[PDB]
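Engineer: Quick one: this structure, given as structure tokens, is what I'll be asking you about.
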Amino acid sequence: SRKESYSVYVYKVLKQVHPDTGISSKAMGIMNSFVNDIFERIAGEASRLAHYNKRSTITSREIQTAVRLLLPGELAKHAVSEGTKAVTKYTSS
Amino acid sequence: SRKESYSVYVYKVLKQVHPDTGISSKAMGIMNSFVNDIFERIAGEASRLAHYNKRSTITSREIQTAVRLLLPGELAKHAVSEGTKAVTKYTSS
Amino acid sequence: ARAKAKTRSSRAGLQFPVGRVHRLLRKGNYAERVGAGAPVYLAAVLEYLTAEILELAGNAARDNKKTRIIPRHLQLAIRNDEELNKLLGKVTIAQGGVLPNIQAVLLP
Amino acid sequence: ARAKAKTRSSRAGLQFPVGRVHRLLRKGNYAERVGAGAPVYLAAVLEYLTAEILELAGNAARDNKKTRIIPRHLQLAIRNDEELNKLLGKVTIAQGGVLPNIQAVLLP
Amino acid sequence: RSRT
Amino acid sequence: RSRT
Amino acid sequence: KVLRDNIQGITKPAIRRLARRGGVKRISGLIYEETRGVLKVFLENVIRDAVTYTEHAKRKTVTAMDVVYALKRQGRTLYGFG
Amino acid sequence: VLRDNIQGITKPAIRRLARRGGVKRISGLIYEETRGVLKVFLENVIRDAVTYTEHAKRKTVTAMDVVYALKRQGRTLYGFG
Amino acid sequence: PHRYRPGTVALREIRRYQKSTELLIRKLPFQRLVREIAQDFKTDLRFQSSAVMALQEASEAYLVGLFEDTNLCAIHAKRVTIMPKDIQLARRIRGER
Amino acid sequence: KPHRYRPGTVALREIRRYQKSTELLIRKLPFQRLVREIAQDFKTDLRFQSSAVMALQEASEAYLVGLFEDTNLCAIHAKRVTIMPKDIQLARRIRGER
DNA sequence: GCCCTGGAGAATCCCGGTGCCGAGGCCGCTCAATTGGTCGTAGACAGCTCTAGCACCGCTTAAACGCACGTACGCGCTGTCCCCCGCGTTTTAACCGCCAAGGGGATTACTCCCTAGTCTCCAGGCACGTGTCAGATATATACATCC
DNA sequence: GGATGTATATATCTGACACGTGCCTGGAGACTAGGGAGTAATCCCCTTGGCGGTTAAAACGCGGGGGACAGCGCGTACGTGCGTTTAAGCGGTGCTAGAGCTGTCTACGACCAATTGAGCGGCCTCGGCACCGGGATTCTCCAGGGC
């Protein structure tokens, strides 16, 4: 069997902010755990929000509200701006 | 629109352990909240257990394991015995 | 032909509903499919816990010469145990008050 | 006659996958239906957070003359902030150590 | 306890 | 911070 | 009309009554400002989440369920209001 | 069988842990309390892990069972999968 | 005159207030304070009465628990009077700061 | 006269040394034996992977270090430098573990 | 007699040579992400009703405010004796390296029983009215408790 | 001993709890088609058990300096009581913003068949990092001088 991870994407992101820095395997395991944890938190909060209002679909509004509920401080503002920019760029084409 | 609660069943249970005692409305609301909270806890734990093992169904064994994980001490033993008796009586007839 | 209808809760000898619990489980987004013995087990557990709470609260109410149960009696019953206090250790009860105690050093 | 295949990540200008997140959302039992804009938003947020953590960790690694990144540098980067210390305040990092500090009263 |  |  | 300087409505006797119910015997003179600050921080933290929940539903009235959910988000479950 | 292995947590190890914790001076009755606390914590975690491994009809306790048992009590751990 | 010795009426008050179950804060000032605080995040907001009641109950419970912990901390250091440092230590240990 | 450091000087050096490293501070064989003994009660004839024992050791180390930090704060609050059992008891009571 | 004022031994830092194991790049290839169409329902949007949230005024009294006086408590200074720190020598078991055997985890085929999906019908649970009793209130003892 | 606060007995009276009822939405009974889970057989990876040598770490003992703890005195800050002032609570009117329900229909997401490029598993190699040794600089503790 073959497993799945986020190794290649983490390496791609790292090669953009520090073009001459490597990473070991233990740090990669920690990064995978971090990504999984954040994904689970946001998805669960979005599901609960959708369930409260008697809806049966998950849209970008639910994700935005979940992000504003979870992340603290200026992280919320930056993440919201990045998400809105990405969605607009995707739907323009 | 008509809603639903657990008032009638709580009253029926109360009329077996104290046949000369009543209950007010606020205590009934508290009992409703308690029942809903416990139901949600057990159901969520059972769903997580079923997801961990690559299964796609919820049976009495997941419920039993969730009860063992949630309730502390002698409450777990008594609840397990009661559930097993109920299931075997239901199956026998 | 169809015989007389018999409720599942009656067939299992319970007081709590079984069809309602099955419907809630099916519509709560918990799993793709739900078995047949889960509702009976869950209803039995819920009934047992409710009976425990109600018996203790009724004893507390009858202690001080009262006929009806009020949230103060429920709070006393929950806080005065050892295993119910652990199960509900992060729950606030409206109009419940506190448990009467005073530190020994403060007392004269 | 089919046009050239173009990944959704490239169409949205991201590095993190979008099809994989969509599949995970569909198969995670979160809701009956999933919209078409949720994966893009989620991938963008995840990429932003990852970039934040990696930049701070790289600064910490370069601080004491090293080329690679080890869990100690990640722990230093996380604990030395104020927002990331609040988001990950109940998380243990293996082989991370502790922040060096000593109470002033103990010092001679 | 109860219901033993 | 980083990217706005 | 705007509202200003209402934190002084939590008077000293009310704080004394709360301390008495808590079991305290003697109170110093600088406790009251600390108590007011702590209460203000707690109230801001809860009300922010309640207002976010209200906004998501496209409403203009804050209900009791929003407060209940906001409290539940911090491990402070409350029984009685639904 | 095995017995009284709680004495394997020697006094120098507790001293090293206290030193990493920032402590400067230690009394002589600390060690027994620390051993009791550690025993209670281990008992809770191991009980949860064994329940998890028994539900799946297995005879080996894996790392994922320990990770789940820790995450259950608000003790998320990173780096073991 | 029958002036009681200091610290005698305090025990009577402790016994009295640990037996009742009502609210210990006036309602109108609390409602005004809640409205003032909520004015920052949004404008032209309307509240149900039960919402303000729930907020008051939660605040009461939180403050009483904090005062219990503060009393424990004050007793630990061979004192009877509670001081701001006790509140700060209790909040630091509990994880709120 | 032999060179002797004044009391409380080697303690600060030990603190500075142990707050800079990342290795484990407990022997592995005694810990493994203790874990097996404790698990004996719940079930018999059990097997453990090495990674499970490693995870348990890491978690226990972190828990004990945090508890000792809180205990030191409690001890300092009462005008002392020596930690005592009542400080551990007070920290565990306030944290909600008892 | 005191406040410094240099030396000595131990601890920490810095620099150069080395060799070895893990991080980083390259190649088949196979499973999962893409492109194009179709259909049936979830959610957007406009309009009407009536519940409940906001604004105002007068009055009666319970609670907050202000000032005085005296005593119980917090805090600083001293002295003594037990307990924990620093160091040298002896004894125990952790740790590393290598071998061997068998229990138990992981993967494949297949066959049957358990649960989802439909249609009908009829009884259990909800909304609505109401008459009576458990509980709250007021007042006169009367006994437990503080200075 | 006696003022003050606490426990107790009795008429009564109003609002909330328990009981009755019509009916309509959700639960029950019978049948069926297809995929999920139970069961037998097999391969090989990972856990358990054992032996020997060496060297790092644990255990035991002893002198003494610093810290925990008890005791006493004094002066300020907090508790108790009284007369005066402010605004919370209660009851009642009147107006309208906004929550909650209903009918239509259109755009959006689930589902299926083919096609192909992105990501996973498997060898290979060289440079970043760990280890060693010697020399230069730093930190601590006790001995002396004259201000």
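Numbering, chain B: per Swiss-Prot, residues 33-125 in sequence.
Cβ coordinates come from backbone N, Cα and C, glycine included.
So Swiss-Prot has the following annotated:
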{"type": "CROSSLNK", "residues": "B:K35", "note": "ubiquitin cross-link"}
{"type": "MOD_RES", "residues": "B:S37", "note": "phosphoserine"}
{"type": "MOD_RES", "residues": "B:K47", "note": "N6-glutaryllysine"}
{"type": "MOD_RES", "residues": "B:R80", "note": "dimethylated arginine"}
{"type": "MOD_RES", "residues": "B:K86", "note": "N6-(2-hydroxyisobutyryl)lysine"}
{"type": "MOD_RES", "residues": "B:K86", "note": "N6,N6,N6-trimethyllysine"}
{"type": "MOD_RES", "residues": "B:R87", "note": "omega-N-methylarginine"}
{"type": "MOD_RES", "residues": "B:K109", "note": "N6-glutaryllysine"}
{"type": "MOD_RES", "residues": "B:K109", "note": "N6-(2-hydroxyisobutyryl)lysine"}
{"type": "CARBOHYD", "residues": "B:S113", "note": "O-linked glycosylation site"}
{"type": "MOD_RES", "residues": "B:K121", "note": "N6-succinyllysine"}
{"type": "MOD_RES", "residues": "B:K121", "note": "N6-lactoyllysine"}
{"type": "MOD_RES", "residues": "B:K121", "note": "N6-(2-hydroxyisobutyryl)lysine"}
{"type": "MOD_RES", "residues": "B:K121", "note": "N6-(beta-hydroxybutyryl)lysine"}
{"type": "CROSSLNK", "residues": "B:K121", "note": "ubiquitin cross-link"}
Engineer: How big is the Cα-to-Cα gap, in Å, between B:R87 (omega-N-methylarginine) and B:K121 (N6-succinyllysine)?
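Structural biologist: Answer for this pair: 27 Å between alpha carbons.
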Engineer: Between B:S113 (O-linked glycosylation site) and B:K121 (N6-succinyllysine), find the distance joining the two CA atoms and give it rounded to the nearest Å.
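Structural biologist: Their Cα atoms are separated by 12 Å.
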Engineer: For the residue listed as 'phosphoserine', which DSSP three-state class applies?
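Structural biologist: It is coil.
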Engineer: Using only C-alpha positions, which one of B:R80, B:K86, B:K109 is spatially nearest B:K35 (ubiquitin cross-link)? These are the modified residues in the record.
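Structural biologist: With Cα distances computed to B:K35 (ubiquitin cross-link), the winner among B:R80, B:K86, B:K109 is B:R80.
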Engineer: Fewest neighbouring Cβ atoms within 10 Å: which of the recorded positions B:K35, B:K47, B:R80?
Structural biologist: B:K35
Engineer: Within 10 Å of the Cβ of B:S37 (phosphoserine), how many other Cβ atoms can be counted across all chains shown?
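Structural biologist: I count 13 other Cβ atoms within 10 Å of it.
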Engineer: Could you tell me which of these modified residues, B:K86, B:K121, has the fewest other Cβ atoms within 10 Å of its Cβ?
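Structural biologist: Relative to the other modified residues in B:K86, B:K121, B:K86 has the fewest Cβ atoms within 10 Å.
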Engineer: How many whole Å apart are the CA atoms of B:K109 (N6-glutaryllysine) and B:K47 (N6-glutaryllysine)?
Structural biologist: 25
Engineer: Expressed to the nearest Å, what is the distance separating B:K86 (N6-(2-hydroxyisobutyryl)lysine) and B:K47 (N6-glutaryllysine) at their Cα atoms?
Structural biologist: 44
Engineer: Cα within 10 Å of the residue listed as 'phosphoserine': which of the modified residues B:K47, B:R80, B:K121 qualify?
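Structural biologist: So the list is empty; none.
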Engineer: Hey, which of our recorded positions B:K35, B:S37, B:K47, B:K109, B:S113 end up with a Cβ under 8 Å from chain C?
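Structural biologist: From B:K35, B:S37, B:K47, B:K109, B:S113, flagged as close to C: nothing.
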Engineer: Taking the Cα atoms as reference points, how far is B:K47 (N6-glutaryllysine) from B:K121 (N6-succinyllysine) in Å?
Structural biologist: 23
Engineer: If you draw a 10 Å sphere around the Cβ of B:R87 (omega-N-methylarginine), how many other Cβ atoms fall inside it, taking every protein chain shown into account?
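Structural biologist: So the Cβ neighbour count for B:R87 (omega-N-methylarginine) comes to 13.
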Engineer: B:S113 (O-linked glycosylation site) has how many other Cβ neighbours within 10 Å of its own Cβ?
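Structural biologist: The answer is 14.
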